[PDB]
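Below is the file coords_23.txt, which contains compact mmCIF, C-alpha atoms.
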```
# COMPACT_ATOMS: atom_id res chain seq x y z
CA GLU Z 1 106.58 107.94 105.87
CA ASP Z 2 107.95 106.73 102.38
CA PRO Z 3 104.37 105.58 101.30
CA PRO Z 4 104.84 102.63 98.72
CA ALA Z 5 106.00 104.53 95.80
CA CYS Z 6 108.40 105.48 93.07
CA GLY Z 7 109.85 102.79 90.81
CA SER Z 8 108.44 99.70 92.56
CA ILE Z 9 111.80 99.42 94.25
CA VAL Z 10 112.51 96.51 96.58
CA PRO Z 11 113.71 98.18 99.83
CA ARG Z 12 117.04 97.35 101.47
CA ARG Z 13 115.44 95.60 104.44
CA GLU Z 14 113.25 93.49 102.17
CA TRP Z 15 116.33 91.92 100.55
CA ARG Z 16 117.96 91.66 104.00
CA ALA Z 17 120.68 94.22 103.39
CA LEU Z 18 123.44 94.87 105.90
CA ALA Z 19 123.03 98.44 107.10
CA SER Z 20 125.09 100.90 105.07
CA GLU Z 21 128.04 102.91 106.40
CA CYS Z 22 128.18 105.26 103.43
CA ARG Z 23 127.76 108.93 104.32
CA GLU Z 24 129.00 110.77 101.26
CA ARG Z 25 126.16 112.64 99.65
CA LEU Z 26 125.41 113.21 96.02
CA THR Z 27 124.50 116.68 94.81
CA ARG Z 28 120.89 116.84 93.55
CA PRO Z 29 119.88 116.89 90.76
CA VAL Z 30 122.26 114.35 89.25
CA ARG Z 31 123.13 114.76 85.58
CA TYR Z 32 124.45 111.25 84.89
CA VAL Z 33 123.32 107.61 85.01
CA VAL Z 34 125.91 104.86 84.50
CA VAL Z 35 124.77 101.35 83.55
CA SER Z 36 126.75 98.14 84.31
CA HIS Z 37 126.46 94.37 84.80
CA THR Z 38 127.52 92.39 87.91
CA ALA Z 39 129.21 89.44 86.23
CA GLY Z 40 127.68 87.45 89.08
CA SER Z 41 124.98 84.78 88.98
CA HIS Z 42 121.62 85.83 87.61
CA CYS Z 43 118.16 85.20 89.08
CA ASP Z 44 114.59 85.29 87.80
CA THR Z 45 112.25 85.27 90.82
CA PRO Z 46 111.84 87.74 93.70
CA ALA Z 47 113.16 85.14 96.14
CA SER Z 48 116.29 84.36 94.15
CA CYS Z 49 116.95 87.97 93.20
CA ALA Z 50 116.69 89.26 96.76
CA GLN Z 51 119.27 86.61 97.67
CA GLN Z 52 121.44 87.68 94.74
CA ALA Z 53 121.37 91.33 95.89
CA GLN Z 54 122.47 90.15 99.33
CA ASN Z 55 125.27 88.12 97.71
CA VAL Z 56 126.61 91.07 95.71
CA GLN Z 57 126.50 93.31 98.78
CA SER Z 58 128.19 90.64 100.91
CA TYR Z 59 131.11 90.55 98.49
CA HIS Z 60 131.46 94.34 98.39
CA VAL Z 61 131.23 94.87 102.15
CA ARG Z 62 132.83 91.75 103.62
CA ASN Z 63 135.55 91.17 101.07
CA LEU Z 64 136.21 94.50 99.38
CA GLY Z 65 135.64 96.45 102.61
CA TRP Z 66 133.20 98.94 101.05
CA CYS Z 67 130.64 100.94 103.08
CA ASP Z 68 127.79 99.28 101.13
CA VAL Z 69 127.01 97.51 97.86
CA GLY Z 70 128.61 99.82 95.28
CA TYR Z 71 125.66 100.34 92.93
CA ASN Z 72 122.90 102.83 93.63
CA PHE Z 73 120.43 100.34 92.12
CA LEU Z 74 120.43 96.63 91.14
CA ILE Z 75 118.19 95.14 88.41
CA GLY Z 76 117.04 91.52 88.43
CA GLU Z 77 115.75 89.28 85.66
CA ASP Z 78 112.64 89.00 87.84
CA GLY Z 79 111.91 92.46 86.48
CA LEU Z 80 112.29 94.25 89.82
CA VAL Z 81 114.69 96.98 90.94
CA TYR Z 82 116.65 96.55 94.14
CA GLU Z 83 117.62 99.50 96.32
CA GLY Z 84 121.38 99.80 96.68
CA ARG Z 85 122.88 103.08 97.90
CA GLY Z 86 119.83 104.86 96.48
CA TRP Z 87 119.23 108.37 95.13
CA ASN Z 88 121.04 110.56 97.67
CA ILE Z 89 124.19 108.59 98.57
CA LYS Z 90 127.33 108.52 96.38
CA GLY Z 91 128.09 105.07 94.96
CA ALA Z 92 131.18 103.02 94.08
CA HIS Z 93 130.68 101.78 90.54
CA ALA Z 94 132.37 104.14 88.10
CA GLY Z 95 135.63 105.59 89.39
CA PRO Z 96 136.56 108.81 91.27
CA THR Z 97 135.27 111.18 88.57
CA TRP Z 98 131.75 109.65 88.10
CA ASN Z 99 130.69 108.37 91.42
CA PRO Z 100 130.10 112.01 92.48
CA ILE Z 101 128.00 112.97 89.43
CA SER Z 102 125.88 109.88 88.80
CA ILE Z 103 123.47 107.25 89.97
CA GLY Z 104 124.88 103.80 89.23
CA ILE Z 105 122.59 100.91 88.21
CA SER Z 106 123.69 97.30 87.52
CA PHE Z 107 122.03 94.20 86.00
CA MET Z 108 122.58 91.09 88.13
CA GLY Z 109 124.16 88.60 85.76
CA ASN Z 110 126.74 88.40 82.99
CA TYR Z 111 125.54 89.98 79.79
CA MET Z 112 128.32 88.72 77.60
CA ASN Z 113 126.48 86.03 75.72
CA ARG Z 114 123.13 87.04 77.24
CA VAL Z 115 120.54 89.80 77.32
CA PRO Z 116 118.26 90.72 80.23
CA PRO Z 117 114.56 90.05 79.66
CA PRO Z 118 112.24 92.81 78.51
CA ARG Z 119 110.93 93.09 82.08
CA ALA Z 120 114.43 93.83 83.39
CA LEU Z 121 114.90 96.51 80.75
CA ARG Z 122 111.48 98.05 81.62
CA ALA Z 123 112.33 98.10 85.33
CA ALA Z 124 115.49 100.03 84.50
CA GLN Z 125 113.59 102.66 82.52
CA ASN Z 126 110.76 102.79 85.21
CA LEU Z 127 113.42 103.54 87.84
CA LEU Z 128 115.05 106.49 86.06
CA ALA Z 129 111.85 108.35 85.27
CA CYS Z 130 110.99 107.93 88.93
CA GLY Z 131 114.35 109.56 89.72
CA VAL Z 132 113.45 112.62 87.66
CA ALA Z 133 110.05 113.02 89.36
CA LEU Z 134 111.81 113.02 92.75
CA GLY Z 135 114.34 115.65 91.78
CA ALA Z 136 117.25 113.23 92.22
CA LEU Z 137 117.92 113.17 88.46
CA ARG Z 138 117.94 116.14 86.06
CA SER Z 139 114.94 115.92 83.70
CA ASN Z 140 117.40 115.75 80.83
CA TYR Z 141 119.81 113.27 82.44
CA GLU Z 142 122.31 111.53 80.17
CA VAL Z 143 122.80 107.76 80.11
CA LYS Z 144 126.31 106.31 79.74
CA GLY Z 145 127.61 102.73 79.88
CA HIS Z 146 130.58 101.34 81.93
CA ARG Z 147 132.81 101.55 78.89
CA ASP Z 148 132.23 105.16 78.15
CA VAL Z 149 133.24 105.66 81.76
CA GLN Z 150 136.03 103.23 82.65
CA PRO Z 151 138.33 100.50 81.19
CA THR Z 152 135.76 97.60 81.26
CA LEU Z 153 134.06 94.63 79.48
CA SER Z 154 130.79 95.61 81.22
CA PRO Z 155 127.85 96.37 81.15
CA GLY Z 156 128.42 93.47 78.74
CA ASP Z 157 128.46 93.64 74.92
CA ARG Z 158 124.84 92.62 74.36
CA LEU Z 159 123.63 94.96 77.08
CA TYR Z 160 125.82 97.85 75.96
CA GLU Z 161 124.13 97.63 72.57
CA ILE Z 162 120.62 97.94 73.99
CA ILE Z 163 121.59 100.85 76.25
CA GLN Z 164 122.98 102.63 73.20
CA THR Z 165 119.53 102.72 71.62
CA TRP Z 166 118.12 104.72 74.60
CA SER Z 167 116.50 108.15 74.26
CA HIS Z 168 118.60 109.69 77.06
CA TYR Z 169 121.81 107.96 75.90
CA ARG Z 170 124.88 110.13 75.29
CA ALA Z 171 127.86 108.84 73.32
CA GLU W 1 99.25 115.29 75.93
CA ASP W 2 101.38 114.02 78.54
CA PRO W 3 103.61 110.79 77.86
CA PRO W 4 106.15 110.76 81.03
CA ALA W 5 107.75 108.51 83.64
CA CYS W 6 105.39 105.79 84.19
CA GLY W 7 105.86 102.33 84.91
CA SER W 8 106.70 98.78 84.10
CA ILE W 9 103.75 96.87 82.75
CA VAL W 10 103.89 93.36 81.32
CA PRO W 11 102.25 93.89 77.93
CA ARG W 12 99.50 91.63 76.57
CA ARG W 13 101.62 89.72 74.11
CA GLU W 14 104.23 88.99 76.79
CA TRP W 15 101.72 87.07 78.91
CA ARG W 16 100.38 85.58 75.67
CA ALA W 17 96.94 87.18 75.82
CA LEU W 18 94.13 86.32 73.43
CA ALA W 19 93.36 89.41 71.34
CA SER W 20 90.66 91.67 72.77
CA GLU W 21 87.24 92.07 71.17
CA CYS W 22 86.44 95.05 73.42
CA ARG W 23 85.62 98.39 71.79
CA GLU W 24 83.73 100.56 74.34
CA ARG W 25 86.09 103.23 75.72
CA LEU W 26 86.34 105.04 79.06
CA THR W 27 85.84 108.73 79.67
CA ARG W 28 89.13 110.38 80.68
CA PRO W 29 89.92 111.20 83.29
CA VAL W 30 88.48 108.37 85.41
CA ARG W 31 87.44 109.20 88.98
CA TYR W 32 87.29 105.75 90.53
CA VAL W 33 89.50 102.72 91.04
CA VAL W 34 87.91 99.52 92.31
CA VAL W 35 90.27 97.00 93.88
CA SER W 36 89.31 93.32 93.73
CA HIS W 37 90.99 89.93 93.98
CA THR W 38 90.46 87.09 91.51
CA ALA W 39 89.85 84.61 94.34
CA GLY W 40 91.91 82.27 92.18
CA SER W 41 95.45 80.86 92.39
CA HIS W 42 98.35 83.15 93.22
CA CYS W 43 101.82 83.09 91.58
CA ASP W 44 105.15 84.54 92.68
CA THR W 45 107.39 84.34 89.60
CA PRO W 46 107.11 86.10 86.22
CA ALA W 47 106.81 82.71 84.52
CA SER W 48 103.85 81.59 86.64
CA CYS W 49 102.15 84.98 86.80
CA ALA W 50 102.09 85.35 83.02
CA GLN W 51 100.41 81.94 82.99
CA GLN W 52 97.93 82.95 85.68
CA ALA W 53 96.94 86.09 83.76
CA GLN W 54 96.36 83.96 80.66
CA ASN W 55 94.24 81.67 82.86
CA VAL W 56 92.08 84.50 84.24
CA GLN W 57 91.54 85.86 80.73
CA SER W 58 90.75 82.32 79.58
CA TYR W 59 88.04 82.05 82.21
CA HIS W 60 86.53 85.47 81.45
CA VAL W 61 86.58 85.19 77.67
CA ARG W 62 85.91 81.47 77.15
CA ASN W 63 83.55 80.84 80.08
CA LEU W 64 81.82 84.16 80.81
CA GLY W 65 81.70 85.33 77.19
CA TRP W 66 83.28 88.73 77.84
CA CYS W 67 85.27 90.59 75.17
CA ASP W 68 88.47 90.37 77.18
CA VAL W 69 89.78 89.80 80.65
CA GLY W 70 87.42 91.96 82.71
CA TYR W 71 90.03 93.89 84.69
CA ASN W 72 91.93 96.88 83.31
CA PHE W 73 95.10 95.60 85.05
CA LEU W 74 96.09 92.59 87.13
CA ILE W 75 98.68 92.44 89.91
CA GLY W 76 100.86 89.41 90.57
CA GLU W 77 102.65 88.34 93.72
CA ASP W 78 105.82 88.42 91.60
CA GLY W 79 105.48 92.17 92.00
CA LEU W 80 104.58 92.91 88.39
CA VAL W 81 101.56 94.59 86.81
CA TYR W 82 99.90 92.79 83.89
CA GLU W 83 98.12 94.83 81.19
CA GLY W 84 94.42 94.00 80.99
CA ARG W 85 91.95 96.15 79.06
CA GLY W 86 94.22 99.04 79.96
CA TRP W 87 93.52 102.69 80.74
CA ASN W 88 91.18 103.46 77.83
CA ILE W 89 88.69 100.57 77.69
CA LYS W 90 85.62 99.96 79.86
CA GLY W 91 86.10 96.88 82.02
CA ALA W 92 83.82 94.24 83.53
CA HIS W 93 84.60 94.00 87.21
CA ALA W 94 82.08 96.02 89.18
CA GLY W 95 78.60 95.89 87.65
CA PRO W 96 76.86 98.36 85.26
CA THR W 97 76.75 101.45 87.48
CA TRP W 98 80.49 101.24 88.19
CA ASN W 99 82.09 99.53 85.19
CA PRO W 100 81.58 102.64 83.04
CA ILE W 101 83.23 105.11 85.46
CA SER W 102 86.06 103.12 86.99
CA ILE W 103 89.37 101.41 86.42
CA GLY W 104 89.31 97.96 87.90
CA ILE W 105 92.58 96.45 89.10
CA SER W 106 92.69 92.93 90.51
CA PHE W 107 95.32 91.13 92.57
CA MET W 108 95.76 87.55 91.45
CA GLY W 109 94.99 85.39 94.45
CA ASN W 110 92.56 84.99 97.34
CA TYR W 111 93.11 87.38 100.20
CA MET W 112 90.54 86.35 102.82
CA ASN W 113 93.25 84.97 105.11
CA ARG W 114 96.43 86.13 103.31
CA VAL W 115 97.83 89.51 102.24
CA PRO W 116 99.61 90.22 98.98
CA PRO W 117 103.33 90.78 99.46
CA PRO W 118 104.71 94.32 99.79
CA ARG W 119 106.04 94.16 96.22
CA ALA W 120 102.54 93.53 94.90
CA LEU W 121 101.12 96.43 96.92
CA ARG W 122 103.88 98.71 95.62
CA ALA W 123 103.24 97.73 91.99
CA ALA W 124 99.54 98.53 92.38
CA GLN W 125 100.15 101.89 94.06
CA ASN W 126 102.81 102.95 91.55
CA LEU W 127 100.39 101.89 88.72
CA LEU W 128 97.82 104.34 90.02
CA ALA W 129 100.33 107.17 90.34
CA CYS W 130 101.08 106.41 86.68
CA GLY W 131 97.44 106.63 85.72
CA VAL W 132 97.38 110.13 87.17
CA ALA W 133 100.53 111.31 85.36
CA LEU W 134 99.02 109.90 82.16
CA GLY W 135 95.79 111.82 82.64
CA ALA W 136 93.98 108.48 82.63
CA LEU W 137 92.92 109.00 86.28
CA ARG W 138 91.85 112.17 88.11
CA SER W 139 94.49 113.60 90.42
CA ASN W 140 91.83 113.24 93.09
CA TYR W 141 90.79 109.73 92.08
CA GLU W 142 89.16 107.56 94.73
CA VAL W 143 90.00 103.96 95.56
CA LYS W 144 87.20 101.64 96.55
CA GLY W 145 87.21 98.00 97.56
CA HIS W 146 85.14 95.74 95.32
CA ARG W 147 82.90 95.09 98.34
CA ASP W 148 82.15 98.83 98.61
CA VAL W 149 80.40 98.75 95.24
CA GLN W 150 79.14 95.18 95.09
CA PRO W 151 77.95 92.43 97.49
CA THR W 152 81.06 90.25 97.69
CA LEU W 153 84.00 89.15 99.82
CA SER W 154 86.30 90.72 97.21
CA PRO W 155 88.99 91.99 97.46
CA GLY W 156 89.32 89.73 100.52
CA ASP W 157 89.25 90.65 104.20
CA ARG W 158 93.03 90.92 104.66
CA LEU W 159 93.60 92.99 101.49
CA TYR W 160 90.61 95.23 102.16
CA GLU W 161 92.06 96.56 105.41
CA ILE W 162 95.38 97.31 103.77
CA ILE W 163 93.68 99.37 101.11
CA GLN W 164 91.53 101.07 103.75
CA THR W 165 94.85 102.72 104.68
CA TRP W 166 95.70 103.92 101.17
CA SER W 167 95.78 107.70 100.73
CA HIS W 168 93.06 107.86 98.04
CA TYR W 169 90.68 105.45 99.74
CA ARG W 170 87.03 106.50 100.21
CA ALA W 171 84.58 103.90 101.58
```
Structure translated into structure tokens:
Amino acid sequence: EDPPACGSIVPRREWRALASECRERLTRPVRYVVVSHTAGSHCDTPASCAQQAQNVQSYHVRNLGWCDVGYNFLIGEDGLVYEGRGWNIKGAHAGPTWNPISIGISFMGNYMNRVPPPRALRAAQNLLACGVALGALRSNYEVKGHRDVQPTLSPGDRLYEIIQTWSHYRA
Amino acid sequence: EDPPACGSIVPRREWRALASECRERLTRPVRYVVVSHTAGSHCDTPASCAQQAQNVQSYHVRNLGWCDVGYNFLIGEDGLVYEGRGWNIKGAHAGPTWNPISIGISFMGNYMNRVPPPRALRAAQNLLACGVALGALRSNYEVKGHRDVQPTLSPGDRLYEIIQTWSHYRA
């Protein structure tokens, strides 16, 4: 099938995700990666983070009326990546101009007066490289924050700083 | 000479490992991977799994007199991989005819009547894919259960069947 691979991603069903209704595809290979924070509660164990992913999706689908959680990927302080829309489905995280050219990843928590643990940061970087190896991301993809993209206070000041120091980062 | 896209690994100093006294190196690329289980306590959070790794190393170093934790890598039920002796150092997990030609990875727990969670299995599998990309493991590496190379219950009855289904498995 999808033999347990690429990016140690927690599958949708494992975090009890509502089935998606999104159909819009993304054109492979994606050039951009936009990083953001949820401004929601944070979590530091697989159990609590799977519940947090369900909580974020519930808000997006039930209250905002979206086809699925808006991010392509969610990152938890448990150091695991959670499958959102994924690699081949357009997301709702960075406006009408980006959503079609990127993969959107978000850290579950508020990184205003906080910084995600090293394990969360490693998960993020594990995920992307996996994207390249699949052909979903261009080998020389560029990483942007949610400030460089849209009028926002996310991915959080302390997190924006770290992302800036990244090899594939583009001002 | 190939550094790419490969993985999240909780480094030694993050799980507060005693320094290693090991010096004997492995011959790249390694052909075999022996999967075992510690037959000790399991953990399902980063906090408790870092502690458990420290505990297994404690046992190996302090009680058995080895130069470091015997396994090259350890897998926690929190879904994270913990750096042991790593890809370049000979381990102590499968006896003298196998220790010098294999990478030993151990799941923290006892799997005679329990299976590791999907996230643990994914971490392990993605770790191996990483070994290959790194040139640390042969592209045609073979996975063996501890019991295939040594008289023991390890890696546990329930975990042994799962791995019997892995793509690179060879009894």
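When chain Z is laid over chain W and all C-alpha atoms are paired one by one, the RMSD comes to 1.8 Å.
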Q: Would you kindly report the residues of chain Z within 12 Å of chain W, using only C-alpha atoms, as an MDAnalysis selection string?
A: chainID Z and resid 1:11 13:15 43:50 76:82 117:134 139
Contacts of residue 37 in chain Z within 9 Å, all atoms listed in the file, excl. fewer than 2 positions in-chain, as a compact mmCIF listing (two decimals) with C-alpha atoms, keeping the file's coordinate frame:
```
# COMPACT_ATOMS: atom_id res chain seq x y z
CA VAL Z 35 124.77 101.35 83.55
CA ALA Z 39 129.21 89.44 86.23
CA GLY Z 40 127.68 87.45 89.08
CA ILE Z 105 122.59 100.91 88.21
CA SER Z 106 123.69 97.30 87.52
CA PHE Z 107 122.03 94.20 86.00
CA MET Z 108 122.58 91.09 88.13
CA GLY Z 109 124.16 88.60 85.76
CA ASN Z 110 126.74 88.40 82.99
CA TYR Z 111 125.54 89.98 79.79
CA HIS Z 146 130.58 101.34 81.93
CA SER Z 154 130.79 95.61 81.22
CA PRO Z 155 127.85 96.37 81.15
CA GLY Z 156 128.42 93.47 78.74
CA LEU Z 159 123.63 94.96 77.08
```
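Taking CA of residue 58 in chain W and CA of residue 162 in chain W as endpoints, the distance between them is 28.8 Å.
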Q | Point (87.9, 86.7, 85.2) neighbourhood (12 Å, all atoms listed in the file) written as a count of residues only | A | 41
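Residue nearest residue 171 in chain Z, chosen from Z:23, Z:16, Z:144, Z:158 and counting all atoms listed in the file: Z:144.
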Q: Considering all atoms listed in the file, return as a count of residues only whatever protein or nucleic-acid residues lie within 7 Å of residue 141 in chain Z, sequence-local ones (same chain, fewer than 6 positions apart) excluded.
A: 3
Q | Coordinates-based distance that separates CA of residue 51 in chain W from CA of residue 148 in chain W (Å, one decimal) | A |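 CA of residue 51 in chain W lies 29.4 Å from CA of residue 148 in chain W.
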